[PDB]
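# The data below comprise the sequence and an experimental structure of the protein.
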Amino acid sequence: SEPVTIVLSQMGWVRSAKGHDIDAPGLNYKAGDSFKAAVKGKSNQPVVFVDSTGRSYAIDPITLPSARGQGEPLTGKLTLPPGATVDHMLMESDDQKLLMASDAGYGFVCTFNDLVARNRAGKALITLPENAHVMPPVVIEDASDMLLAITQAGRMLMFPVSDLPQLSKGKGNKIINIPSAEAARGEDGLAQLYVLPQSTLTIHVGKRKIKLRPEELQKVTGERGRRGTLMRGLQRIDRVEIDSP
């Protein structure tokens, strides 16, 4: 057991660097490639990847190349579905709670252990509806945190993340109501999904700005699976700043 940092590149190449202090964007990349993400942990814990089809895969860091060199392709280690990409990387304690979801507005709470699939083809973790995509997984820091969902149409819904049932896999249960045919057409969908503590969100769309303190977020609180509250002009969000005590 020794501290490691796993570094993922834009082209899907990985390596395991010794220590937690490395300059990951400053590493050597192959021509046309560059930094995407880094996670940290211990050499005796798995690193997990989630692909664009909702499958998860675990790799033992001891099998990965070191910081020197340009890494090695994930396609040499994982059996990805045709056209799938590796979009997300996690390294957490076995029992760490996570929020998994699709942009059709369905999801579930699980633990990191539920993502750990050491076989080459990994595990079907989240089932995606027609033309749906995986949301970025969210590490749940406190069980009493609030889930905040914002749709492509500009509706917002907030409720305690404990309200969302825990599962080990599947489609999940409804987070926010988005009509399924509309989602399959790409006409609406879950655009942003957060787990927040007394947080404030500042959201920009071009030169328009809205600031939502706890007072304002109380106003979009509602029951899980409701359609949420429409905010005029809250479409094509391009900047979000979350200040979370």
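Yes, it's here. Numbers count the residues shown, from 1 in each chain.

# Could you check how many residues crowd around the nearest residue to residue 2 once chain neighbours are set aside?
Spatial nearest neighbour of residue 2, excluding adjacent residues (CB to CB, 6 or more residues apart in numbering): residue 43 at 4.8 Å. C-betas here are computed from N, CA, C, even on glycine. When counting by other CB atoms under 10 Å, one arrives at 14 neighbours for residue 43.

# Repeat that for residue 136.
For residue 136, the neighbour count with other CB under 10 Å is 12.

# I'd say it and residue 88 touch.
Yes: proximity of residue 136 to residue 88 meets the contact threshold set by CB atoms under 8 Å, at 6.2 Å.

# returning to what we had before: roughly how far does the residue nearest to residue 2 sit from residue 84?
Using CB to CB, to the nearest Å, residue 43 is found at 27 Å from residue 84.

# and if you look at residue 147?
Distance from residue 147 to residue 84, counting by CB to CB: 27 Å.

# Could you give the number of residues near residue 147?
Neighbourhood size, residue 147 [other CB under 10 Å]: 25.

# sorry, back to before: and the residue nearest to residue 2, what does it touch?
By CB atoms under 8 Å, 6 or more residues apart in numbering, the contact list for residue 43 reads 1, 2, 3, 4, 16, 61, 62.

# would you list every one of the helices in the chain?
Applying DSSP state H to the chain gives helices spanning 180-184, 214-218.

# mind putting those in JSON lines, mean neighbour count included?
Below are the helices of the chain laid out as JSON lines (neighbours: other CB atoms under 10 Å):
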{"stretch": "helix 180-184", "mean neighbour count": "15"}
{"stretch": "helix 214-218", "mean neighbour count": "13"}
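
# List just the one of those that sits closest to residue 33.
Closest approach to residue 33 among those is made by helix 180-184 (33.4 Å; CB to CB).

# Can you list the neighbours in contact with that closest one?
Outside of helix 180-184, the residues within contact range by CB under 8 Å, 6+ apart are 103, 104, 105, 129, 130, 131, 132, 188, 189.

# Can you lay out those as CSV showing neighbour count?
Formatted as CSV, the contacts of helix 180-184 follow (neighbours: other CB under 10 Å):
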residue, neighbour count
103, 24
104, 28
105, 28
129, 17
130, 10
131, 12
132, 24
188, 19
189, 23
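
# Perfect, that will be all.
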